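Take a look at this one chain, the form deposited in one PDB entry, written out in structure tokens.
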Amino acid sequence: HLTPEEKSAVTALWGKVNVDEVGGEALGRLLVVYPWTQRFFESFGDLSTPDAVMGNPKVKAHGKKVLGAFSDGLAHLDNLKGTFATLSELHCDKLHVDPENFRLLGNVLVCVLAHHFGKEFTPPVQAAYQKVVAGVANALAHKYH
């Protein structure tokens, strides 16, 4: 669903992403900005304030597993339903996460990429990244359909 210039721009910026920290700031910002999401992460411990959430080392740890999954999705853009089929089962049948919350995490991920690349995150680059997250959000929502 991406052009050849789109796919190239996506892959060029992703290679520059601090795999260690972006994942954590994104899962952190979800829990702060959309606080109903904290009830699925009861056992990560102290999420009582903004500074607790961004300091909490289990949010940071788990944040790496989430960026890990997006990477894996980018590698297989023509077979997302296949790549996320197991995680879709986890989120949908076990955890019972409303698929509107998958859209929110993808949009927080786009805010986080803009915070880090500033001027380099041009409207055409954002617009290719919006296609990707809509792709992933929709692939994780498959077991509801």
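What we label the rigid core is the largest C-alpha set whose atoms superpose within 1.5 Å from one form to the other. Shifts are known only where both forms have a C-alpha. Start at 1 with the first residue shown and count on from there.
Keep in mind the form deposited in another entry is missing from the figure; the text below concerns it.
A.B. asks: Determine, with the core as the superposition reference, the one member of 48, 38, 79, 107 that shifts its CA by 2 Å or more between this form and the one not shown.
C.D. replies: Flagged residue: 79.
A.B. asks: So with the core overlaid, does the Cα of residue 57 end up 2 Å or more away between this form and the one not shown?
C.D. replies: No, residue 57 moves less than 2 Å.
A.B. asks: Compare the CA separation of residue 12 and residue 82 in the other entry with the one in the displayed structure, and answer closer or farther (the difference is at least 3 Å).
C.D. replies: Residues converge in the other entry, at least 3 Å closer.
A.B. asks: Might you say whether the CA atoms of residue 69 and residue 42 end up closer or farther apart in the other entry than in this form? Their distance differs by 3 Å or more.
C.D. replies: Farther apart, which means the C-alphas of residue 69 and residue 42 are at least 3 Å more distant in the other entry.
A.B. asks: Enumerate, in order of sequence, every stretch of at least three consecutive residues present in both forms where each C-alpha is displaced by 2 angstroms or more between this form and the one not shown, superposition done on the rigid core.
C.D. replies: After superposition, only residues 68-82 shift as a run.
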